[PDB]
């Protein structure tokens, strides 16, 4: 497999390449970055190689500037971690608009070379996955983002821990914006197959305190850290493994929806999809509950607003 990472120099970009180089399926890992951060990549390539010293690996790592993405052709998927590390004076709209030009820039540049899967990690993930789709001019099945996938795993752990059951016995998810307006679906949450609602202990699940932490895990940023390292990479790797192996998992990624959920059209948002060797092979439409769909409505509304301000940058 051939994966390309755009922004392999950043924390997540680095962590992600590391994990991807260890994969048996990784044949050509292309680390792309701007002309001035090319030494940091070659520095990364040498570092990764050390971490692989002793284990079998045919991972060919390549480094290039974001000028001639020619080498990125035939990539099974192209990840994008590029983006401005936010900033004090920066506002949500201010942040949206900025990375928009960065993701779009790459989206377009990529699109010229070929048709590949664009896995958008940079924030606002939804608004950015939207942008990449618009500027890439790709099919809705080729562009998706990390969305609420990690928030979902984060919600899964909390619950499994609350009930004292093996992590695997739980399956839940958060749909909507990968932000304050994210919607947790307890209607699609089972404990060992059994709807969480069929358990007494459920009535005592600190759902609000829990969502609060999930929602605000942007505390990696504030908590003396750049913003995120391994958390994301770990998720990304999973999603890539899902694609290359055509796993057909029912993840919750930021994908383009259009009616699958009544009242939600023309917007990239965190929704359940079936991921396989062809990207977002389906936007699973299941009946939510009264308030879940009301809340899922408001979330998309928020996101759409930004999508407009960005659609033409």
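Positions refer to the first chain, counted from 1.
Per-stretch averaging of Cα B factors for 248-256 and 55-63 places 55-63 on top. Here 292-300 and 14-22 are compared by their mean Cα B-factor, and 292-300 comes out higher. Each of 217, 178, 154, 161 has a CA temperature factor in the record; the biggest one is found at 217. Out of 83, 193, 184, 104, the entry records its largest CA B-factor for 83. Split the chain's modelled residues into thirds by C-alpha temperature factor. Residue 117 is in the middle one.
In this PDB entry, residue 226 carries a Cα temperature factor that places it within the highest third of its chain's modelled residues. When the modelled residues of the chain are ordered by their C-alpha B factor, residue 281 lands in the middle third. Ranked against the other modelled residues of its chain, the C-alpha B-factor of residue 207 as given in the entry falls in the highest third. Remark: residue 173 belongs to the lowest third of its chain, ranked by C-alpha B-factor as recorded.
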